[PDB]
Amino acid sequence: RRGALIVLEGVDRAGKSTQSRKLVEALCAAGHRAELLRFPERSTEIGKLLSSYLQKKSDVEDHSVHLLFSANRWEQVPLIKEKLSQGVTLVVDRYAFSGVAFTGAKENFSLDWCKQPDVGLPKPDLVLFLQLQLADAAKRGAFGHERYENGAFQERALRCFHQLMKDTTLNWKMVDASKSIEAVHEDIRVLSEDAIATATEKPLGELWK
């Protein structure tokens, strides 16, 4: 009985990392086998180049860095497929949707070109999009010092996310991330339990194909 592939995506300070950690903890306390993953996975050779870029310690050509972000997901595909086939549910903090939205926010990058490197990846069984209003996010502290952490760029990324959500091939679920950590967690947890039951019924899909 395979595990489910659950992805969390969402606006800045929406709570992707907090909610991914709390979801894995709750699923395991409820008897599931679940594990956390994140992208970028900064531990690999590729992930180190990506972390340096995001920290502004290095500059990388925009197409090259887009392809590195995708390559960073493909290097984990053998692990992802092994874990799911062994019955482990994977909760993933960011995936291909962030890859497309962030590069797609830059000038002269079509959504089509951005998606192609990730075509074929393991298709999530559930994509949670944590929605939040700029005013409510502002109360979660200040902007980071990493690349892309500015209002005008986040807004362009958000528009790209909305284009991606028009894709009905995917099981998108909107989450009101403005509530408390615990309330948001309960909404995500219940959606996740339903997805896990259902993932055991259809084979793992392929993204965007």
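One rule holds for the numbers: they count along the sequence shown, beginning at 1. Basically, rigid core = biggest C-alpha set you can superpose within 1.5 Å across the two forms.
Undergrad: What stretch shows more C-alpha movement in 5 other deposited structures of this protein relative to this form, 135 to 143 or 89 to 97, after the core is superposed?
TA: Comparing 135 to 143 with 89 to 97, the larger C-alpha deviation in 5 other deposited structures of this protein belongs to 135 to 143.
Undergrad: With reference to the PDB entry, specify whether the mean Cα temperature factor is higher for 118 to 126 or for 105 to 113.
TA: Comparing 118 to 126 with 105 to 113, the higher average CA B-factor belongs to 105 to 113.
Undergrad: Where do the C-alpha atoms have the higher mean temperature factor in this entry, in 15 to 23 or in 190 to 198?
TA: Per the PDB record, 190 to 198.
Undergrad: Between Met165, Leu36, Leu68, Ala29, which one tops the list for Cα B-factor in this entry?
TA: Comparing C-alpha B-factors across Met165, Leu36, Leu68, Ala29, the top value belongs to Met165.
Undergrad: If you compare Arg94, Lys81, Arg73, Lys139, which has the highest Cα B-factor in the entry?
TA: Among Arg94, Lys81, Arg73, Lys139, the highest C-alpha B-factor in the entry belongs to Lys139.
Undergrad: Would you please rank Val77 by its C-alpha temperature factor against the other modelled residues of its chain and give the third it falls in: lowest, middle or highest?
TA: According to the entry, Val77 has a C-alpha B-factor in the chain's middle third.
Undergrad: Can you work out whether the C-alpha temperature factor of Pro40 puts it in the lowest, middle or highest third of the chain?
TA: CA B-factor rank for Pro40: lowest third.
Undergrad: Select lowest, middle or highest to describe the third in which the CA B-factor of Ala135 falls within its chain in this entry.
TA: Top third by C-alpha B-factor.
Undergrad: Which third, lowest, middle or highest, does the CA B-factor of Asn171 fall in along this chain?
TA: Middle third.
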